[PDB]
Amino acid sequence: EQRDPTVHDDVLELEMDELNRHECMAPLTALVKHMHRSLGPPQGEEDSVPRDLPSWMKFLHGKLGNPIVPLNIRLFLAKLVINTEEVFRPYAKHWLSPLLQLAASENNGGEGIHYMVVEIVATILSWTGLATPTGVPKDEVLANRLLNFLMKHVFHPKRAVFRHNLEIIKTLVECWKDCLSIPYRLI
DNA sequence: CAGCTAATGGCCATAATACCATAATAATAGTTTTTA
């Protein structure tokens, strides 16, 4: 690396067909699917690392540039099976994801902002008490900025195009808060 | 007668009238929205 699937934003600056046209996932999918049937209901992990470093899920990192994006794009349907806290740090990857990166991708396609955050957070609710992590330990700066941008954007595009689009977010908004970072006076 | 009347020739102000023409509001519908 880099390799072509690891050369990313060189083109394709909106998010639509990177899931459709990357032509990479589907093997990666059943890949981590079946070998995750090996590592799976056989054993779960409240931890990030033990499912990665021995896994090829370590190969997945998703930090620092385009090195971020596709890997965690990889995480997309990955976490479908993955959870629990096994994606613990990858979670931190996720709230990390939108910040200057989806920002770097900007609107990233009309439905893009969704396309990221949809399960960026919608995984946050993939658990209850495991969101005690989502709030407290490493979210430290994370969700604060996160929200800031998120909100910041999502205000208009409804204004730009049409309505309950945001509301889709307004949900997420709702979904957030049992304590969190309060960019709210700022709201 | 006396002087031609004197109501004849004319008719301007009016008030009335009209058309005729709006806000003070209060409606229509309206084209978008997805849903189906």
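Report on the accompanying structure.

What counts and what doesn't
The numbering scheme counts residues from 1 along every chain following its written sequence, independent of the entry's numbering, with residues that lack coordinates not shown. By the order in which they are written, chains take letters starting at A while ligands take numbers starting at 1. Note that the chains on view sit within a larger assembly, with every value limited to the chains on view. To obtain the side-chain values, all non-hydrogen atoms of the structure were included, while hydrogens and water were left out. Note on aromatic pairs: the rings of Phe, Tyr and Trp (six-membered ring only in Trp) are paired at centre separations within 6.5 Å, and the planes decide the class, stacked below 30 degrees, edge-to-face beyond 60, tilted for the rest. Per the convention used, a helix needs a DSSP run of H or I reaching at least four residues, while a strand needs a run of E reaching at least two, with both numbered from the N terminus. Each residue is placed in one exposure class: buried if its accessible area under a 1.4 Å probe, protein chains only, is under 20% of its type's maximum, exposed if it is over 50%, and partly exposed if it falls in between. In plain words, nonpolar cores are sets of buried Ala, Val, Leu, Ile, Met, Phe, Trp, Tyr and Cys residues tied together by side-chain atoms within 4.5 Å. Any two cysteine sulfur atoms within 2.5 Å of one another count as a disulfide. In what follows, salt bridge is the name for a side-chain nitrogen of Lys or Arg lying within 4 Å of a carboxyl oxygen of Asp or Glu.

### Observations concerning the packing of aromatic side chains
Applying the stated criterion across every chain yields a total of three aromatic pairs. Between the aromatic rings of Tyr91 and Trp127, the centroid separation amounts to 4.9 Å while the plane-to-plane angle is 45 degrees, which identifies the pairing as tilted. Here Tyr91 is found in helix α4 (residues 88-96), whereas its partner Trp127 is found in the loop between α6 (112-122) and α7 (131-135), with 36 residues between them in sequence. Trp127 sits in the buried class, given a relative accessible area of 7%.

### Considering the nonpolar core
Among the nonpolar cores identified, the biggest contains 34 residues, and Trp95, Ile120, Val121, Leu146 and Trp176 are the most heavily contacted of them. The element best represented in this core is helix α8 (residues 142-160), accounting for eight residues.

### Focus: the state of the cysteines
Under the defined criterion, the tally for this structure stands at zero disulfides. The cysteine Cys179 is free of any disulfide, with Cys175 supplying the nearest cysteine sulfur at 15 Å. Classification of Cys179 by relative accessible area gives partly exposed; the value is 44%.

### A few points about the pattern of salt bridges
In this structure the tally under the stated criterion is five salt bridges. A salt bridge links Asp17 to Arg21; the nearest nitrogen and oxygen atoms lie 2.5 Å apart. The salt bridge partner of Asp52 is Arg89, with a shortest N-O separation of 3.7 Å. On the criterion of sequence distance, the pair formed by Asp52 in the loop between α2 (25-38) and α3 (69-81) and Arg89 in helix α4 is long-range, its members being 37 residues apart. Residue classification places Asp52 among the buried residues on the basis of a relative accessible area of 5%. Taking the relative accessible area as the measure of exposure, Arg89 reaches 28% and is therefore partly exposed.

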